[PDB]
Every structure is written in C-alpha cells, then in structure tokens.
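Q: Encoded as structure tokens, here's the structure I'll be asking about.
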Amino acid sequence: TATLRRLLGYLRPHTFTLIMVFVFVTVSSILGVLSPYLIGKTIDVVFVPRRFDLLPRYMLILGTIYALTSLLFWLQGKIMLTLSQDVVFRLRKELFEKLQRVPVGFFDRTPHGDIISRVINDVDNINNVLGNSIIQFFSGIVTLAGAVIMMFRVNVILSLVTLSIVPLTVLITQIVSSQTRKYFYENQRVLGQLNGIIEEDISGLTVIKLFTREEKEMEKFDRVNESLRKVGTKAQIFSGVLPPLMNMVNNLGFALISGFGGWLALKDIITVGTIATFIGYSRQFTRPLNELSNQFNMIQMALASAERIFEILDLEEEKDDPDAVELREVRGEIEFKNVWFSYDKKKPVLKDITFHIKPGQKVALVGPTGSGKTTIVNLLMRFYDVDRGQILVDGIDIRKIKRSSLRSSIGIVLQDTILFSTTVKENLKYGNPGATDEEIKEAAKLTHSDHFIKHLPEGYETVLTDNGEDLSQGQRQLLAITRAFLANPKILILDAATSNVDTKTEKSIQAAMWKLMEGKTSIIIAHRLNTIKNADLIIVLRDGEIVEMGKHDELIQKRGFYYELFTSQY
Amino acid sequence: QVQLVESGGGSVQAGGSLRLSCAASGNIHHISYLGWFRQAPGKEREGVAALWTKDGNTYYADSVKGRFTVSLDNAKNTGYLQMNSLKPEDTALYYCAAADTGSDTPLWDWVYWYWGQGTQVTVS
Amino acid sequence: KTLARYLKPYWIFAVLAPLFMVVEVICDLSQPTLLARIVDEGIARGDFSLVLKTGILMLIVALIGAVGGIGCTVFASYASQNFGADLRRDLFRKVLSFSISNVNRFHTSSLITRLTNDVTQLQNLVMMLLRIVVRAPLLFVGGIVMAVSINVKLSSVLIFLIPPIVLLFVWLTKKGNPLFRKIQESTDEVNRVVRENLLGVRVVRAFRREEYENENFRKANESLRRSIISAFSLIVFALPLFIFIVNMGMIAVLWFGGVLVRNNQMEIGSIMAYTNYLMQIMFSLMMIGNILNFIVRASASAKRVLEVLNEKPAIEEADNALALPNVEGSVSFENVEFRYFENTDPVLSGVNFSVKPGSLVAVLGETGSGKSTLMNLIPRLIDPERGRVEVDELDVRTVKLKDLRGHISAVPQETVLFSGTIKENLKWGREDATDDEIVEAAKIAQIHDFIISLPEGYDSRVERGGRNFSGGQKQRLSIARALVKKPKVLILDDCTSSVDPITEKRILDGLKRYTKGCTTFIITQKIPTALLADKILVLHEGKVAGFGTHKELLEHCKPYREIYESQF
Ligand SMILES: Nc1ncnc2c1ncn2[C@@H]1O[C@H](COP(=O)(O)OP(=O)(O)OP(O)(O)=S)[C@@H](O)[C@H]1O
Ligand SMILES: Nc1ncnc2c1ncn2[C@@H]1O[C@H](COP(=O)(O)OP(=O)(O)OP(O)(O)=S)[C@@H](O)[C@H]1O
Ligand SMILES: [Mg+2]
Ligand SMILES: [Mg+2]
C-alpha cells in the first residue's frame, strides 16, 4: 500500500482531468443501465399495445442515448490515453535524470541490461494501473454504489445476506493478490537478469566467438530463460485465477439468498416474485464487486514493477557541498596531502599519497601495473572521494569546489577510450560544442587525426559505429586526444593516451603537442618512459606509494626503481 | 398444538374427477403456505401444488398444469385440491403441508410447520 | 507461419486450454436456467427435496465451471510462456552466430527489444488466442443459430450490418500495423540513449554534457509516447464507433421487427428473447475484432523477430567443411585483398607470405596499417574480397569453424572480460582445464600474484568488462585466458600496451619459455620486444612493407627503419 500511495501521487498533477473522466464515466454508467430499460420499455409501450405510431419517437430517444454513450466512450479514452502517457513519460524522465546524478560506482557493479529493463519493461508495466484500468475502476465504484442503493430499495433483510458474502470475496482476493505480486516482482527481476546477459554478450560477441563460448553462453542463458518461464507461468496463473474462483463464490451466495429468500416468503414477509427479483438486483452488484476485485489482482503487476522503478529513484546520488565555490581564473595548482583510498574499503589501494604540482608544470606519473596511477586521476576528477587526506586544486579543497567547475577546469583522456555512434565532427565537438569547424580541423591536424578523417566516406560527417570501432585502436585514441585538447582545460590528464599509437606517430605529435600544452598543467601516465623523460617532475609510484620523485637525469644517476624501470625497456 | 386430517381418496377411472379435503384443527394464527405432494410406493418426497396466501399465486407441477387446482377456506380452516381429467400415471399417496406464523416471532428463530395424515388416490 | 512451429511441441496444452474454456462457458450459460429451477420449481412449489436436488447440482456445475476456468488459465499460461521461452532462446542462438556486420544492421539496442519486447507481444497473442480461439466463434455461431430459430426474416438485418464492421477492422489492419512498428522502433532509440549513457558515463560527467544527454533522452522519450498515442488513438476511435454500429443493430431489429409484428410475421413474445441473443452475437463479434487488434500489434513484432531469424551470418561453415582435430600452425596468406566496405579503398592489398610451424613472427607498422585486421583473418572473424588465407596448407573457409577456432587463441587489442569469477573467465579458453593448468597460465601472465592477494582468490568477483581491475591487470588476465586454451596458433594484439617495462619483460621471456611449438604472432610497437621473434612482418598503408630479419629490414624496409629511428 506504501508503493501504491507513491504511484498514485503521479496522478496528482492530473486531478482536475481525472474528475472529468469520473464525471463522464458516471454518465456512461447511468446511460448503460437506461439502454436495456428503454429496450424493455419499448416492448411494453409500442409492441405490447401494438401502437407503432410512438415507435419512431422512442427509437430517436434510444438512438441519441447510443450516440451520446459512444461519444462519451471516445471522449473518455482520448483524454485518458494522453493522461496515462504523461505519467509514463514522467516516470521514464525521472529514471534517466536520476542516473545522471547517481555515482559512477553503481554503473560498474550493476548490469546495464537490468537498468535498460527498468526504464522500458518495468515502466511499460505500470500502464495496467493507468488508461482503461482507471476507467474500469471508476465505472466499477459507481455501478457498485448504484446497485447497493437499489438492493436496499428492494429488500433490506436480503441485502445484508449479499453483503455478508463480501468479506469472503475480499479474503480470497487478498490471498491471490499477495501471490500475484510475489511471482510478478520475481518475474521482473529475472527479466532484468536475462536483459543483462543479452546486453553484455552482444557487446563482446567477438570474444565469445574467439573462445567458442557460444554453447557455454547458451546454457548460461537457458538457466535464466527457464527461471523466467517458470516464474512467468506462476504469475500468469495467479493473474487470472480470481475470475472463475469468484463465480464459485457468487453461486454459494445465490444458493444462500435462495434459502434466506425462501425462508422470508414462508414467514409471510415477502413473495416468490421478490426472490426472483432480488437475484436480478444481486447480479448488478456482484458484477462490479468481482470486476473491482479482479482489478486489484491486475494492479499487483504494476505495483511489483513500481518497486523496481522506485528502487532506482531512492539511490544516494552525488551531491555538492551547500557552501561549494566555483573556480574563477584557473591557473593549475594541483596538490595531494597525505591521501589514502580503497575501492572495497577493506584493502587500501593508495597509501599517504602526498605531492605538489605548481601551475603550468608538465608532470609525469609512472609505476607498475595496478600501482594506483589511474586511482590518483579518478580522485582528482572526483569520481570517488578520499578516505583520509586532502586534494587541493588552486589552493581550495576538491570537496569545497563544485563538481561543475572542477570538471570544467580538468580534462581527461581515459585509459579505456570511449567514443560515440555519431559523426567524427560531433565526437570531437563533445566537451566544447562551441568550437568552429576550423578549430576542429586544426586540432585534428595537430594530433595526426585529420589524415584518416579525410580518407573516410563522408569525412568529418562520417557516422561512426558503436563506440567508434570502425577505426583502428590507435586512431580511436587520437580522436580522444583531439576531443580533450578541443575542450581546452587548464589541467589535462593523459592516462595511457598513446597505448595503441605507434612510436613514430607519437614522436610526430609530441613536438606539435608541446606548443598547445604550454601554459597548461598536465599529468601524463605512460609505460613508454622514454617519452615522459622531458617532464618537469616524474612521480614514481609502487604498491600504492610514492617511492621516488624528481627529474629523469636525477632519478637515473640514483640507480633506484625508476632506473630499474627505464633499463627494463631495452 | 395443530393437527391435519386427510379425507376424500378413492378409485376413479381415467378421465374422471375427484376432490381432496385437508381439515386443520388447532391454535392457527395465519397460514402463509398450503402444499400438496404425491409419494409413490418407493419414492421420498415430490411437489404437485402450492398456495402463497400473501399474493394468491398458485405454482403447479409440469405434468399437472391445467388439471389440478389448489384452494383454501379461511372460515372453515380447510385446504382443498380439485383433480380433473385424471390419468392413470398419477396413482400415488397424497399428503398435506401447512406453514403457520404466530404473534411476535423471534428475530432469527422461525415459527412452526405441520403435516397431514395421508390418503391413497387410485386411478386406472 | 515459421513462428507457429514454436507452439507445436506444446500442442496438448494448446488444445486443452480452449477445450477447458468450453467447459467453463457451458457451465456459465447453465447458471440462469439452474437458478430458475431452484426458485420457480423448488421454492415456489415448497418441496424442500427439490431445493437441495437443484442446490447440489448448481454448486457442482459451478465447481466444474471453476475447474474448467482455472484449467483454461493454467494450460494457456504453459503453452504461451513455453512458446516465448523457446523463441527467445532460438533468437539468442542466432544472435550468437552473428558477426559484427550482422549486429551493425540490427543495432545492438534494437536486438535487445527484438529478443524480449517483440517476443512478449507474440507470446501475449498466443495467450489471448488459446483462451478465446473457440469461445469467440462458437458463441457467434451459436448466437446466430438462436437468432435464426426465433425469426429467419429478422436475421437478414444482421447480415446488412456486416459491411461497416468489416470495413472498420480492415482500416485498423492497414493503418494499425506500421504505427505499432514505430513504437517498437522508438523503444530501440530509448534503449540506444540509455545504453550509450551507461556504457560511457565517465565521458558524459567529464565534459559536463549531462544536460545534453537529458535532452538527448527527452527527445527519444517524447518520440516514444508520440508513437504510442498515435497507434492507440486508432483503437479509442474505432472501438466506440464499432459499439455505435453494434447498438444501431438493435434499433434496426426494433424497426424491422415493428414491420414484422405489423404484418404478423413475428410474435410479441419472441422479441423479448431475440433482444438477449442479439447482444450475444454483438459481444462475440467484438472478441473477433479484439484478436485482430492483437494481430496488428503482433504482426509488427513478427516481422522484426523473423528478419533476425532469417538473417544469415557474414561467416558461415561449409557443408563439406573438413574436421580439424590436429593442427601444426602453417599460417599462409595467398594474394589477400580485404575491404571493410565496398565504397572504401582496400584495407589490405597484395598480401602474400607464409609462416613455418612453431615460429614466432613480430607484426609491426604504423597506426591503421592493417595489423589487427590481418590477424582477424586467421580465426575467420573476416574473409578476404580477393585471395585466400590458409592454416596447415588448407583454406580457412573449407574447415569446420569450432575445430579451427579451437586451435587458435587471441589476446585482443581492447581487452574485454565477462561478469562472474576470475576462475570462470580463465576457463573461457578450456572448460576441461585443471586448477594446476589455470594457475600455470596466470603465473606466465604474472597476474597469479594479484589473484592470490585478493580475499576471495581465484573465485573473486569480475564486473562487466573487468572494470573492477586496472588496465594492465585485465590485460594480464586476457593473456592468461588465451594460454589456458593451449593453442597451436597464438595472436597477441599489442600484448603489453598497459603493462610496465619490468612486468613486460617477465611476460615476454615467460612466453618464449613455455609457448614453444606454438606459432605465435606478436603485434608490437617496440623494437626490443620485436627482436625476440624469429622473423619480422612489417606493414605500411595496407600493403606488406617487408618480411624478414631485423638486419634485412634495417637495410631495405623504409617504414621499419622509420619505426627503429623513433626509438633508437
Ligand atoms: N572500479 C574499481 N573497483 C575496484 N578496484 C578497482 C577499480 N579500479 C581499479 N581498482 C583497483 O585499484 C588498483 C590500482 O588500479 P589503477 O589505479 O588502475 O593502477 P595503475 O597504476 O593505473 O595500473 P594500470 O591500469 O594497470 S597501468 C588495482 O588493484 C585495481 O584492481
Ligand atoms: N570495423 C571496421 N570498420 C571499418 N574500418 C575499420 C574497421 N576496423 C578497422 N578499420 C580500418 O582499417 C584500417 C586498419 O585497421 P587495423 O588493423 O585496426 O589497424 P592497425 O594496423 O592494427 O592499427 P593500430 O591498432 O591502431 S596500431 C584503419 O584505417 C581502420 O580505420
Ligand atoms: Mg591505469
Ligand atoms: Mg590494431
């Protein structure tokens, strides 16, 4: 009921429009009962007395009734369809907007396919609480109220007998509805699981094909697919088990009121005709009572899916400090003060990391595999927060500078290159959308990107494939380098930016890159120690600790761990 | 203390007519139901004719229809059933049943019910 | 027609479900007649012996109706869900057989919808069918039979109202079908927006294009609801218009019936019953219309599902494909010419060379030479436009794909790990592999030391793509994965790009010691690592620049010297 209250809150901006829907459906309900009444009247007024002179008049009244009933149904459906889709749109919007606020850590640990299921499959599942579901509820509650007042108008004594069977109908609804939500929430979570497999397997199908894992992934899929078929059948059975079960309950009541009615007739209270009439009036009460009870079983499918939607909507999102400052006139004074960090929060990754970088200095970060180089960078980007220590940009703490201004001043060329399924121009325009075509073409020329871009079928307007894989790995890195330089950041980070770029091309760029890097603070992570030897400062990391620091020639004559790394190259 | 006496049952040939009397004696307040039922040598209970004194509507068996007519005398306190154009198929033991409603009956607890003696009606 | 075969193994439940609906319906139609016999014959006559006689019978027919009702629901739920589960697995089986060019046609985001949402629409159609496949026509035929029995002349106007009805559901078929396709096409776009955002959230945050992506989604979300309101407005107009024609039939019956009674062709008592069975014909007609509303929604999904099933992969095994249980490693390229697209220039051209078994060949060249592309021809990931690729003096196309790929192991340039455990991911090469075998492979890859340092050890959790590990860590895991497979041909695409010089040395020297007899191809950017090889293969602008020893290439191969100078 807690999730229902929250879900029904999405209807609050549509209150006035929902009142109209109720006003129209009540008129549709009073016309829906006036129609067989008029059919019954015409037989008794024009057919029985055989005076067909009145027939065209009654036919015209009955015709206007049908014309009004059909027009009201259309009016109800039309306004409700747009009303329901505005709610579904808001729920989808709220989901996507939430993910943009939610921390990076979530996306890495949770399967992407499951999130995709929650946005489409789960939000499309809350449609069975909207549209015609609201109309049938509104139509049910009016007819139920209409019949119950007509029952007591016939016989008060027998009305209590028909009302005494209601707690049994509510009880069996409560048993079935609880089981419906049980297997339907389970169906939706196994669906997200299956969606996670399909998504991950397609994105890396090459690796599955290369290692002949096609069969092993099929049997991996078959485990979740069989689980989905098993729980789906249970949820489907419980969804429609209530209507034939209620017809059995109605028959128990019909026999009960026949017994009670027969008893009252023998007590000289009513007649045999009254029993035959009350069974007719009970039918116009049982119909909405069974319909509303079945609707309660049907809304459990939306209620279970709503939980999965709300689960995403209540995740502790990335928030800025209440008194957070914006970095004005950036210079590039990067500093780390006894910084400690761990991802699992058990085994430490970074241990007492303390160093200072003055503005404009081209600093090199070097060390072994899994030293903590990328970790230092992700902490400077504030993707994760320090366990104990301080990161100071331009003399202000990272937690005190707003995430907007920090990421505006700092640019990054990530270890794993991520591109988009659009034109080369748009991929380079990302970060700085207010960059002229001349600026883009000049930057691409500087990083030796322009050469292969011109060779493409449409040039800069060539729409790239998913993650821009229609290019060589090195060519993808060159585009990422261009995109970062176009963003024009005062602090630039080049984490393994030329892993797949050949030493010949790397030498050609380094010369032109220096001109468009002077007056900018930079952190260069590289295992090609020979390229970063010209740096103003070389930070040597090992097992999450700064073992050595200083210039190349100073560290070489020291015959330390930097020397051990440099000599290992040949 | 109410008792019902049954009289007027004899051998009548096919197509004939015979009237059946059902005299009721006791502290009768108001009769709400009057019924007649036939029982064959090896059968439990059936339904031939019924009278509801509140409206006067008479409900007869499917085979009877326009043959038997059930009536009740208020002053004489005697129930009647007129049998006309009798066919040999309805050769059975005929019984009487009456429902009485007394002054101030409890909210849920019902009043009384009374049965007849039984007289054989033979038709060939 | 092809999708109907998916219900064939569950035909017993498929025939029982509508049969159980008949059992429920015959019991529901007997409800007013049995309730009449308890009051008009039981209560009215006063005989308590008939009150219970009808009383027990009414509860027994309701019980049979309940058993029939729940049975129909149970049997329909089985066969429909089993139809879908079998179709979902056969689609994923086809998806696994696809090449990247096949996955590029049906966008990755669209294939997600096709394998879930599109199957769901067909599964729901089978569910709705199984229930009212016999209930809707039998009540319609049984209804008109009861209308004819009362009056044949009055049953003529019932035929006169069929033309606007038939024209209305034909209009719902022609206009409907493409509009439901556009909903399924709009779901592919909302999938595309959320997918690109999930897979690359760090780039969005880094460049602060969060508001841009919110607008990117809003445009896809607004286009999705516009596709829904446009296709469903078609029914919110047709259904009330149908209801109107249905109710106009009642007026037509009263008008013509009025003419009939005026001419003594019909009885006054007969019209009282005719009014009831006429509404039954109209109600049943709506059910035959409702299946068409489900058919138009499913027809769009059927096309999308069938085109995926009917799509042939870019790389297909021959009918006379030779079984390759044992390989030597005789990799050869016979005037190989490859192109990624017809419009593009040759990606590879004039590629003619041979590699002796067990030999180590260093593959070098500038960015975009065709190194990764050249290697992809060996495990038949791609096929040349002209020329042929041969393994053991045999055309790679003429051999069984699982047999060939089973003997070749690769370490891709962009290392991708899968969700599960480290142990599971290393067993990707060989499933039958021993714990001593996987440890030996990780020991050669120098990753063993890290795996044991973790609290869960080899059973430690691996996230999607191996995001919970460092660049070179997942790279060292990719090396170890390939080693487990024990190949006869090994491919190493810049094997240690994210690995430090110290660990790089330990891996390279470790490989030379234990990968003896295996024909190893090592793509590199470093001359010192290249010198370890028996022969060097140099590529420049798609064509083979040179092939031979370091000395030969320093005096003849211009791009090899160009690469050499940039380091020494
Ligand atoms: N998202 C993550 N979740 C958990 N652990 C992580 C994550 N990212 C990195 N690590 C761990 O952090 C440690 C250091 O990682 P990095 O900062 O990437 O090291 P590195 O010096 O950049 O090494 P490379 O990438 O191999 S050159 C390793 O033990 C990783 O397993
Ligand atoms: N899937 C693809 N679709 C279209 N073009 C592609 C595709 N893959 C690669 N190319 C192009 O084919 C050429 C050679 O590709 P690769 O073999 O990846 O290059 P390479 O010699 O390995 O270069 P690196 O990895 O960057 S050192 C380049 O010009 C790429 O742009
Ligand atoms: Mg790294
Ligand atoms: Mg490559």
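If you're wondering about the labels, chains in the structure tokens are A, B, ... by order shown, residues count from 1 in each chain, ligands from 1 in order shown.
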Select the residues contacting ligand 4 at a distance of at most 6 Å, based on only C-alpha atoms and all ligand atoms, then format the selection as a VMD selection string.
A: (chain A and resid 472 to 473) or (chain C and resid 371 to 372)
Q: With N, CA, C and O atoms retained, write the just-selected residues as an mmCIF file, in the first residue's frame.
A:
```cif
data_model
loop_
_atom_site.group_PDB
_atom_site.id
_atom_site.type_symbol
_atom_site.label_atom_id
_atom_site.label_comp_id
_atom_site.auth_asym_id
_atom_site.auth_seq_id
_atom_site.Cartn_x
_atom_site.Cartn_y
_atom_site.Cartn_z
ATOM 1 N N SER A 472 40.836 1.905 -36.263
ATOM 2 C CA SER A 472 41.883 1.146 -35.590
ATOM 3 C C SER A 472 42.014 1.685 -34.164
ATOM 4 O O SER A 472 41.719 2.862 -33.934
ATOM 5 N N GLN A 473 42.402 0.826 -33.202
ATOM 6 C CA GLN A 473 42.524 1.197 -31.782
ATOM 7 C C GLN A 473 43.318 2.488 -31.536
ATOM 8 O O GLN A 473 42.868 3.326 -30.755
ATOM 9 N N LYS C 371 47.277 -4.307 -39.147
ATOM 10 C CA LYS C 371 47.814 -5.367 -38.281
ATOM 11 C C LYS C 371 46.704 -6.180 -37.627
ATOM 12 O O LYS C 371 46.653 -7.396 -37.817
ATOM 13 N N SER C 372 45.805 -5.501 -36.884
ATOM 14 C CA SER C 372 44.670 -6.122 -36.205
ATOM 15 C C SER C 372 43.746 -6.806 -37.209
ATOM 16 O O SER C 372 43.313 -7.931 -36.961
#
```
Q: Contacts of residue 204 in chain C at 9 Å or less, counting only C-alpha atoms, minus same-chain residues fewer than 4 places along, as a list in words?
A: residues 100, 430 and 431 of chain A; 197, 200, 208, 209, 210, 212 and 213 of chain C
Q: Applying 9 Å and only C-alpha atoms, which residues near residue 103 in chain A remain after dropping the ones on its own chain fewer than 3 positions away? List them as a list in words.
A: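 Everything that qualifies: residues 99, 100, 106, 107, 316, 317, 318, 383 and 384 of chain A.
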Q: Please, which residues in chain B fall within 12 Å of chain C when counting only C-alpha atoms, and what is the closest atom pair and distance in Å to one decimal for each, ordered by chain then residue number, as CSV?
A:
```
residue,atom,partner,partner_atom,distance
B:32,CA,C:46,CA,11.5
B:33,CA,C:46,CA,8.3
B:34,CA,C:46,CA,8.7
B:35,CA,C:46,CA,6.9
B:36,CA,C:45,CA,8.9
B:37,CA,C:47,CA,8.0
B:38,CA,C:47,CA,10.9
B:43,CA,C:49,CA,11.1
B:44,CA,C:49,CA,8.1
B:45,CA,C:49,CA,6.1
B:46,CA,C:47,CA,6.4
B:47,CA,C:47,CA,5.4
B:48,CA,C:45,CA,7.2
B:49,CA,C:45,CA,6.3
B:50,CA,C:45,CA,5.2
B:51,CA,C:45,CA,8.2
B:52,CA,C:44,CA,8.6
B:56,CA,C:44,CA,12.0
B:57,CA,C:44,CA,9.3
B:58,CA,C:44,CA,8.5
B:59,CA,C:45,CA,5.8
B:60,CA,C:45,CA,6.8
B:61,CA,C:45,CA,7.8
B:62,CA,C:41,CA,9.3
B:70,CA,C:45,CA,11.6
B:95,CA,C:47,CA,11.8
B:96,CA,C:46,CA,11.5
B:97,CA,C:46,CA,9.2
B:98,CA,C:46,CA,10.1
B:99,CA,C:46,CA,10.3
```
Q: With N, CA and C atoms kept, could you save the residues just selected as a compact mmCIF listing (two decimals), in the first residue's frame?
A:
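The resulting file, part-v9.txt, is reproduced below:
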```txt
# COMPACT_ATOMS: atom_id res chain seq x y z
N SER B 32 -49.52 -19.14 5.94
CA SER B 32 -48.75 -18.45 4.90
C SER B 32 -48.48 -19.33 3.68
N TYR B 33 -48.51 -20.67 3.86
CA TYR B 33 -48.27 -21.66 2.81
C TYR B 33 -49.20 -22.87 2.93
N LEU B 34 -49.67 -23.39 1.78
CA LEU B 34 -50.52 -24.58 1.67
C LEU B 34 -50.00 -25.40 0.49
N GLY B 35 -49.53 -26.62 0.77
CA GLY B 35 -48.96 -27.50 -0.25
C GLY B 35 -49.45 -28.93 -0.25
N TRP B 36 -49.50 -29.52 -1.46
CA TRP B 36 -49.91 -30.90 -1.73
C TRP B 36 -48.80 -31.63 -2.49
N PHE B 37 -48.43 -32.83 -2.02
CA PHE B 37 -47.38 -33.64 -2.64
C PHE B 37 -47.77 -35.12 -2.73
N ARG B 38 -47.40 -35.78 -3.85
CA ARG B 38 -47.67 -37.20 -4.07
C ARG B 38 -46.41 -38.05 -3.88
N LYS B 43 -40.76 -43.93 -3.33
CA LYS B 43 -40.17 -42.59 -3.51
C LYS B 43 -40.20 -41.76 -2.22
N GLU B 44 -39.24 -40.82 -2.08
CA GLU B 44 -39.12 -39.95 -0.90
C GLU B 44 -40.21 -38.86 -0.85
N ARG B 45 -39.96 -37.66 -1.42
CA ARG B 45 -40.89 -36.51 -1.41
C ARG B 45 -40.90 -35.77 -2.77
N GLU B 46 -42.11 -35.38 -3.25
CA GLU B 46 -42.31 -34.67 -4.52
C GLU B 46 -43.00 -33.30 -4.32
N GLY B 47 -43.49 -32.70 -5.42
CA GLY B 47 -44.19 -31.41 -5.42
C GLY B 47 -45.25 -31.31 -6.50
N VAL B 48 -46.53 -31.21 -6.09
CA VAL B 48 -47.67 -31.15 -7.02
C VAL B 48 -48.28 -29.74 -7.13
N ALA B 49 -48.76 -29.18 -6.00
CA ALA B 49 -49.42 -27.88 -5.96
C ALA B 49 -49.05 -27.07 -4.71
N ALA B 50 -48.97 -25.74 -4.86
CA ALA B 50 -48.63 -24.82 -3.77
C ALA B 50 -49.43 -23.51 -3.83
N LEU B 51 -49.76 -22.97 -2.65
CA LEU B 51 -50.51 -21.72 -2.49
C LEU B 51 -49.81 -20.79 -1.50
N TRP B 52 -49.59 -19.53 -1.91
CA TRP B 52 -48.97 -18.49 -1.10
C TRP B 52 -50.05 -17.43 -0.85
N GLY B 56 -51.57 -14.90 -3.57
CA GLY B 56 -52.55 -15.82 -4.13
C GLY B 56 -52.07 -16.61 -5.33
N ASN B 57 -50.79 -16.45 -5.71
CA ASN B 57 -50.18 -17.15 -6.84
C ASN B 57 -50.06 -18.64 -6.59
N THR B 58 -50.52 -19.44 -7.56
CA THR B 58 -50.50 -20.90 -7.50
C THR B 58 -49.46 -21.47 -8.44
N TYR B 59 -48.57 -22.32 -7.91
CA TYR B 59 -47.49 -22.95 -8.67
C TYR B 59 -47.70 -24.47 -8.70
N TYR B 60 -47.94 -25.00 -9.91
CA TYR B 60 -48.22 -26.42 -10.14
C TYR B 60 -47.06 -27.17 -10.83
N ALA B 61 -47.13 -28.53 -10.82
CA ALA B 61 -46.15 -29.42 -11.44
C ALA B 61 -46.23 -29.34 -12.97
N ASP B 62 -45.15 -29.75 -13.67
CA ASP B 62 -45.06 -29.72 -15.14
C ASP B 62 -46.07 -30.63 -15.85
N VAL B 70 -55.46 -25.82 -6.52
CA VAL B 70 -55.32 -25.71 -5.06
C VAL B 70 -56.05 -24.46 -4.53
N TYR B 95 -50.30 -36.23 0.26
CA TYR B 95 -50.08 -35.61 1.58
C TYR B 95 -50.34 -34.10 1.60
N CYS B 96 -50.49 -33.52 2.82
CA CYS B 96 -50.75 -32.10 3.05
C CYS B 96 -49.70 -31.46 3.95
N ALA B 97 -49.36 -30.19 3.66
CA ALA B 97 -48.39 -29.42 4.43
C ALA B 97 -48.82 -27.97 4.56
N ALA B 98 -48.73 -27.41 5.78
CA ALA B 98 -49.12 -26.03 6.05
C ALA B 98 -48.14 -25.31 6.98
N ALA B 99 -47.83 -24.04 6.66
CA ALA B 99 -46.91 -23.20 7.43
C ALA B 99 -47.68 -22.08 8.14
```
Q: With distances taken over only C-alpha atoms and all ligand atoms, which of C:399, C:130, C:411, C:100 is nearest to ligand 2?
A: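 When distances to ligand 2 are compared using only C-alpha atoms and all ligand atoms, the smallest one comes from C:100.
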Q: Could you give me, as a list in words, every polymer residue with an atom at most 6 Å away from an atom of ligand 2, counting only C-alpha atoms and all ligand atoms?
A: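 Counting only what the definition allows, namely only C-alpha atoms and all ligand atoms, the set is residues 469, 470, 471, 472, 473, 474, 475, 500, 501 and 502 of chain A; 340, 347, 366, 367, 368, 369, 370, 371, 372 and 373 of chain C.
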Q: Please return as a PyMOL selection string the residues found within 7 Å of ligand 1, counting only C-alpha atoms and all ligand atoms.
A: (chain A and resi 105+108+343-344+349+367-376) or (chain C and resi 467-473+498-500)
Q: May I have the residues within 7 Å of range 359-365 of chain A as a count of residues only, using only C-alpha atoms and disregarding those fewer than 3 positions away in the same chain?
A: 19
Q: For chain A, which residues have at least one atom within 7 Å of chain B, if we go by only C-alpha atoms? Write them as a PyMOL selection string, please.
A: chain A and resi 266-268
Q: From the list C:33, C:284, C:214, C:398, which residue is nearest chain A when using only C-alpha atoms?
A: C:214
Q: Near residue 80 in chain B, within 8 Å and counting only C-alpha atoms, which residues show up once chain neighbours fewer than 5 positions away are dropped, as an MDAnalysis selection string?
A: chainID B and resid 19:22 70:73
Q: If you keep N, CA, C and O atoms, can you produce a file of those selected residues as a PDB file, in the first residue's frame?
A:
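Dumped to out-v6.pdb:
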```pdb
ATOM      1  N   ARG B  19     -62.279 -34.600  -5.676  1.00  0.00           N
ATOM      2  CA  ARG B  19     -61.872 -33.509  -4.786  1.00  0.00           C
ATOM      3  C   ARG B  19     -61.243 -34.084  -3.515  1.00  0.00           C
ATOM      4  O   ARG B  19     -61.740 -35.074  -2.973  1.00  0.00           O
ATOM      5  N   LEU B  20     -60.153 -33.458  -3.044  1.00  0.00           N
ATOM      6  CA  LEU B  20     -59.438 -33.884  -1.845  1.00  0.00           C
ATOM      7  C   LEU B  20     -59.464 -32.806  -0.762  1.00  0.00           C
ATOM      8  O   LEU B  20     -59.088 -31.660  -1.018  1.00  0.00           O
ATOM      9  N   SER B  21     -59.938 -33.179   0.440  1.00  0.00           N
ATOM     10  CA  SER B  21     -60.078 -32.286   1.592  1.00  0.00           C
ATOM     11  C   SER B  21     -58.944 -32.449   2.601  1.00  0.00           C
ATOM     12  O   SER B  21     -58.468 -33.565   2.820  1.00  0.00           O
ATOM     13  N   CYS B  22     -58.534 -31.334   3.229  1.00  0.00           N
ATOM     14  CA  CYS B  22     -57.478 -31.296   4.241  1.00  0.00           C
ATOM     15  C   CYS B  22     -57.868 -30.361   5.391  1.00  0.00           C
ATOM     16  O   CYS B  22     -57.578 -29.162   5.348  1.00  0.00           O
ATOM     17  N   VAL B  70     -55.460 -25.821  -6.521  1.00  0.00           N
ATOM     18  CA  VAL B  70     -55.316 -25.709  -5.065  1.00  0.00           C
ATOM     19  C   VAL B  70     -56.055 -24.456  -4.533  1.00  0.00           C
ATOM     20  O   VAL B  70     -55.977 -23.384  -5.138  1.00  0.00           O
ATOM     21  N   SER B  71     -56.800 -24.623  -3.421  1.00  0.00           N
ATOM     22  CA  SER B  71     -57.583 -23.568  -2.769  1.00  0.00           C
ATOM     23  C   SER B  71     -57.613 -23.748  -1.244  1.00  0.00           C
ATOM     24  O   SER B  71     -57.279 -24.825  -0.747  1.00  0.00           O
ATOM     25  N   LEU B  72     -58.011 -22.690  -0.507  1.00  0.00           N
ATOM     26  CA  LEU B  72     -58.098 -22.709   0.956  1.00  0.00           C
ATOM     27  C   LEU B  72     -59.294 -21.899   1.479  1.00  0.00           C
ATOM     28  O   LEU B  72     -59.492 -20.756   1.065  1.00  0.00           O
ATOM     29  N   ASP B  73     -60.078 -22.495   2.397  1.00  0.00           N
ATOM     30  CA  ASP B  73     -61.230 -21.848   3.028  1.00  0.00           C
ATOM     31  C   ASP B  73     -60.772 -21.241   4.357  1.00  0.00           C
ATOM     32  O   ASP B  73     -60.273 -21.965   5.220  1.00  0.00           O
TER      33      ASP B  73
END
```
Q: With a distance cut-off of 7 Å and only C-alpha atoms, select the neighbouring residues of residue 9 in chain B, excluding the residue or stretch itself and same-chain residues fewer than 3 positions from it, and output the selection as a ChimeraX atom specification.
A: /B:20,119-121
Q: Of the candidates A:109, A:118, A:451, A:490, which one gets nearest to chain C if we count only C-alpha atoms?
A: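 With only C-alpha atoms as the atom set, the closest residue is A:109.
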